[PDB]
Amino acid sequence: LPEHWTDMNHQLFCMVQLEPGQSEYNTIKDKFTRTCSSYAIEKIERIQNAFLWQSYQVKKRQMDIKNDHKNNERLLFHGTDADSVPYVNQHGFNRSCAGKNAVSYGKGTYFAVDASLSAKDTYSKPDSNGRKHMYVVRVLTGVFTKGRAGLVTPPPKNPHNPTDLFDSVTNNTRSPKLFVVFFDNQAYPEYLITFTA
């Protein structure tokens, strides 16, 4: 477990409320406000989930081995409804719970480059108190290609070797704005931003 996490004393899960003015809070706030400056942040919590981290880091090490000196990890956003927050906090991102996207590049979990995308009410649905929720997520995008509706895994790199797959897919490889991942533990929910109009 990372050394700057708070001591969980044998607990395996904790949400840690960050302080404004700390670099950790400010970097996330800046990343969000880059495209969402009309919204206001209520709080930013660091998600410390030991099991999700372990499984994710194993996948990352594997992808770092398999890929040739790639930057396999991107820090992306994911807007979701209040009802999904307890599940994501404990269990991460489950493709089986994902709705069809308005522009589908495949049946998987969607992550945005820009917070403005995840800030749409269709993703970060405002709760009964008007709070919207967006995760900041370490995502193993790896080597990617343009996706296609109806993918249930990323496509093969080579049609003559159907089992050797891209790591994720995107809407546009030149200018990616979303990534879709198709496997468990390919995304670690790192921060939860609660925010309002």
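One rule holds for the numbers: they count along the sequence shown, beginning at 1.
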{"item": "Stretch with the greater mean C-alpha B-factor as recorded in the entry, comparing 114 to 122 against 67 to 75", "value": "67 to 75"}
{"item": "Given 135 to 143 and 156 to 164, the range whose Cα B-factors average higher in the PDB entry", "value": "156 to 164"}
{"item": "Out of 62, 38, 48, 55, residue topping the C-alpha B-factor column of the entry", "value": "38"}
{"item": "Assigned third (lowest, middle, highest) for the C-alpha B factor of residue 129", "value": "highest"}
{"item": "Third of the chain, ranked by Cα B-factor, where residue 18 sits", "value": "middle"}
{"item": "Modelled-residue ranking by C-alpha temperature factor, third containing residue 106", "value": "lowest"}
{"item": "For residue 98, the third of its chain into which the C-alpha B factor falls", "value": "highest"}
{"item": "CA B-factor ranking of residue 82, expressed as a third of its chain", "value": "highest"}
